[PDB]
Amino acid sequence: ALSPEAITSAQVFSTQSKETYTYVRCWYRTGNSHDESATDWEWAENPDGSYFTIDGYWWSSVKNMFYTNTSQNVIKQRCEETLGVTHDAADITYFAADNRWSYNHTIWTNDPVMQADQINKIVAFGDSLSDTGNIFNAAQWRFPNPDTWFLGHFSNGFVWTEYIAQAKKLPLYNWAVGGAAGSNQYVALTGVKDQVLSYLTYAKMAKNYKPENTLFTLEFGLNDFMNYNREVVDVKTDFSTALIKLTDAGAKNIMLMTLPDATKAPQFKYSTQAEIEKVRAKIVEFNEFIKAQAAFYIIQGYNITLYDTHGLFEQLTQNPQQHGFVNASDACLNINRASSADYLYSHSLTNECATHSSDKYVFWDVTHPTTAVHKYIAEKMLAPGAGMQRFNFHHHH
């Protein structure tokens, strides 16, 4: 496909010189709880009510990104003042757009010249456990259905990387691509190493970029073993290639996680016991490769953190009450089958899930965890002595 070395320094100068402007689309949850995924938007405004604009330049290889010097905190504030949402689950997100026909484009705040060693952004690689909108924009906002899945997330709200970024007051730049059944119809199945290569081309257009100051998150293989029936040896090769690529490019801070036992998801109520054991054995074997890769990069001198998401998902499915949940075996939504077509449609919650609330359910659909589970994983990764102390964070009064 495309590599950072294809981009010349003449092209970097030429792209950075094109100082233009764009508008910001402020999205918000219209409902007042995580049970309701529906979103709406308004354009960001200045304090006087006139349309807000950001100066900067655009760059892409095909999937445009806007680079600005306007701080991420300023943009969020402008969206919060414009919408004036008075409910608790506003879950506001913001994107660059010239007009109503444009899709959601990431805004990247360029780094300053005066830079030390503090973490100044989060960069996510992964699948439908991390995706915040990449398959959604490729599907022209049809997949997953925005009435039932929260604006491009394969959940009813924020994913675990977004809650980590909120807690650390950092921006999150997502490269994760949802590989859920039916995703292959919008973009062809590419490796996590292709997400690293795509990232690297965008970071080459960024100003004053120091990859040692990025917190990278990497989770892959769930969709590869669940529906793309990949072999452990091939996912191992794609995973290790990606880590060689990231660390050769100067990454120093990486967060890794084991895969949860996918076979516990409600979709496996419609599977054979043979398919259960086959999928489980792949995960168990691949988790041991994730653990070895982490220990290898710790000995090489990198700042690695590893989180046992698998151990947590066992505890959650074994005894959901012990962790603040009520149900760990059923889909909150009234979906009684495993079909790719179901992501194209809106669905009601079951009577049982409307009674307990989606915050008490482990699973949102037949595959994916609820936003409450994502928030729980983030809380555990954030806990004192759970590993994040090894990263250089800024303090905020």
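The numbering used is simple: start at 1 and walk along the sequence shown.
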query: Extent of unmodelled deposited sequence, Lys63 relative to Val62; finding: 1 to 3
query: Which of 221-229 and 133-141 has higher mean CA B factor, as the PDB entry lists it; finding: 221-229
query: Mean Cα B-factor comparison, 185-193 or 198-206, giving the higher one as deposited; finding: 185-193
query: Residue with highest C-alpha B-factor in the PDB entry, from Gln77, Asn156, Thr161, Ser102; finding: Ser102
query: Options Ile119, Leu312, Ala96, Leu172 - largest CA temperature factor per the record; finding: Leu312
query: Chain third (lowest, middle, highest) by recorded CA B-factor, residue given as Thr370; finding: lowest
query: Among modelled residues of the same chain, the CA temperature factor third for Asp91; finding: lowest
query: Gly126 CA temperature factor, ranked by third within the chain; finding: lowest
query: Ranked against its chain, the third holding the CA B-factor of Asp330; finding: middle
query: Ranked against its chain, the third holding the CA B-factor of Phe286; finding: highest
